[PDB]
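Student: The structure is given below, and queries will be raised subsequently.
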Amino acid sequence: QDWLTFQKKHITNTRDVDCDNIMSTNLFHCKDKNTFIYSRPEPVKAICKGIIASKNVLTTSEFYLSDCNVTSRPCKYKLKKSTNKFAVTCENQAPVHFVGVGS
């Protein structure tokens with residue numbers, strides 16, 4: 001919804017995201033999947049530099065991503081690490097929404 005919530009939901013200071021614990025919280029509420037970007041927040045903000053009106057943008061560099069993906073048991077997870085580009089909604093020069101991971 002905004003950059004500060006984007007940070008709370010999609011930035012991780014470690015690749016080794018604690019999926020089973022972090023996903024069963026009120027923040028992630030057992031959602032099927034969440035992508036965490038391994039980075040300090042400020043460099044991620046920079047993906048949207050210069051972009052004002054709401055626009056979905058694919059990163060120009062790949063990033064180190066950590067996905068928590070649900071298993072057969074609701075709210076139980078497997079961690080999957082990958083190196084990939086991803087897309088966000090940019091608005092007023094900041095990511096406000098996570099769109100998805102690149103192909």
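Residues in the structure tokens are numbered from 1 in each chain, the chains being A, B, ... in the order shown, and ligands are numbered from 1 in the order shown.
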Tell me, as a VMD selection string, which residues lie within 7 Å of residue 33 in chain A, counting only C-alpha atoms; anything in the same chain fewer than 6 positions away does not count.
Tutor: chain A and resid 67 to 70
Student: Take the selection from the previous step and output its residues with N, CA and C atoms, as a PDB file, in the first residue's frame.
Tutor:
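In the end it all went to out_38.pdb:
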ATOM      1  N   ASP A  67      11.765 -17.092  -0.787  1.00  0.00           N
ATOM      2  CA  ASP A  67      10.326 -17.325  -0.799  1.00  0.00           C
ATOM      3  C   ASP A  67       9.913 -18.268   0.320  1.00  0.00           C
ATOM      4  N   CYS A  68       8.802 -17.957   0.970  1.00  0.00           N
ATOM      5  CA  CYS A  68       8.167 -18.917   1.864  1.00  0.00           C
ATOM      6  C   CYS A  68       6.937 -19.418   1.125  1.00  0.00           C
ATOM      7  N   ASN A  69       6.913 -20.715   0.814  1.00  0.00           N
ATOM      8  CA  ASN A  69       5.833 -21.309   0.045  1.00  0.00           C
ATOM      9  C   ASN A  69       5.101 -22.322   0.900  1.00  0.00           C
ATOM     10  N   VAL A  70       3.778 -22.240   0.926  1.00  0.00           N
ATOM     11  CA  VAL A  70       2.994 -23.141   1.771  1.00  0.00           C
ATOM     12  C   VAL A  70       3.100 -24.579   1.262  1.00  0.00           C
TER      13      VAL A  70
END
Student: Which of chain A end up as alpha helix (DSSP H) when DSSP is run on this backbone - answer as number ranges by chain?
Tutor: A: 3-10, 19-22, 41-45
Student: Using CA of residue 45 in chain A and CA of residue 91 in chain A as the two end points, give the distance in Å to one decimal.
Tutor: 10.5 Å
Student: Can you list every residue in chain A that DSSP puts in strand (DSSP E), as an NGL selection string?
Tutor: :A and (11-12 or 33-38 or 55-58 or 63-70 or 77-84 or 86-91 or 94-101)
Student: Just to confirm, what's the straight-line distance from CA of residue 90 in chain A to CA of residue 48 in chain A in Å (one decimal)?
Tutor: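 CA of residue 90 in chain A sits 5.4 Å away from CA of residue 48 in chain A.
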Student: For residue 7 in chain A, list every protein, DNA or RNA residue within 10 Å, evaluated using only C-alpha atoms, and leave out those in the same chain fewer than 6 positions away; present the list as a ChimeraX atom specification.
Tutor: /A:36-37,40-42,44-45,95-97
Student: As a list in words, please: the residues near residue 92 in chain A (cut-off 12 Å, only C-alpha atoms, same-chain neighbours under 2 positions excluded).
Tutor: residues 2, 3, 45, 46, 47, 48, 49, 50, 51, 52, 53, 54, 55, 89, 90, 94, 95 and 96 of chain A
Student: Quick one: residues within 9 Å of residue 27 in chain A, only C-alpha atoms, excluding same-chain residues fewer than 3 positions away - as number ranges by chain?
Tutor: A: 8-9, 22-24, 30
Student: Counting only C-alpha atoms, which of A:86, A:6, A:98, A:28 gets nearest to residue 61 in chain A?
Tutor: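 Of all the options, A:86 lies closest to residue 61 in chain A.
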Student: At a cut-off of 8 Å, using only C-alpha atoms, what residues contact residue 65 in chain A? Leave out same-chain residues fewer than 5 positions from it and give the result as a list in words.
Tutor: residues 15, 35, 36, 37, 38, 81, 82, 83 and 84 of chain A
Student: Which residue, A:87, A:79, A:4, A:58, has the smallest gap to residue 17 in chain A when you use only C-alpha atoms?
Tutor: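 Closest residue, counting only C-alpha atoms: A:79.
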